[PDB]
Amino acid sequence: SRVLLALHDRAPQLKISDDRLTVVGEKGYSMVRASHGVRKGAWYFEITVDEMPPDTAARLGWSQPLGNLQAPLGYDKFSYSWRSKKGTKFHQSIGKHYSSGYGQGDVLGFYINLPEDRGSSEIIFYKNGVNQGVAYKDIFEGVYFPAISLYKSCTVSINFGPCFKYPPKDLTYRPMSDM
């Protein structure tokens, strides 16, 4: 099975393209999860911001199946998100300074490690191949799926692998597409 955006694990207002690698946001924050999730190992995928008009925004990252599809990513204890506006990271809807923001034309990387035994999981974010530092440590245990959360008609494309435009140079990983 191809790793794509989910057929039904999606907020219905979001516009998904036929090949299910593209999503346009509609109005308030809403989320779409991928078709596959991981629970052990190091995994990766990339997101390209196709178009980011003024006053639109994205929170991208990793979510658990129980994460709210009608709220932004990182609203819950089930998701962790990286907001284009100001580069803030989000979990349980608490915003903390993490990195610089991103915008239209950038390619973002998403690294997760869920080591086998206990091992300390982490989340690292990338902007155009550049490590932004550890975003989270020892996250809530469970299965994590790549998640997209868009606010107001911005368009983003997802790459699950196997080959990425900016493969990380400092970390070992498998592409999400291997799932």
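Numbering starts at 1 and follows the sequence shown.
The segment from residue 117 to residue 118 is interrupted, since 4 to 9 residues of the deposited sequence in that interval carry no coordinates.
As the entry records it, the average C-alpha temperature factor is higher for 51 to 59, out of 51 to 59 and 121 to 129.
In this entry, 36 to 44 shows the higher mean Cα temperature factor of the pair 60 to 68 and 36 to 44. Per-chain ranking of the deposited C-alpha B factor places residue 95 in the middle third.
Placement of the Cα temperature factor of residue 157 within the chain: lowest third of the modelled residues, per the deposited record.
Ranked within its chain, residue 24 lands in the lowest third, by CA B factor from the PDB record. The entry lists a Cα temperature factor for residue 7 that places it in the highest third of the chain's modelled residues. When the modelled residues of the chain are ordered by C-alpha B-factor, residue 101 sits in the highest third.
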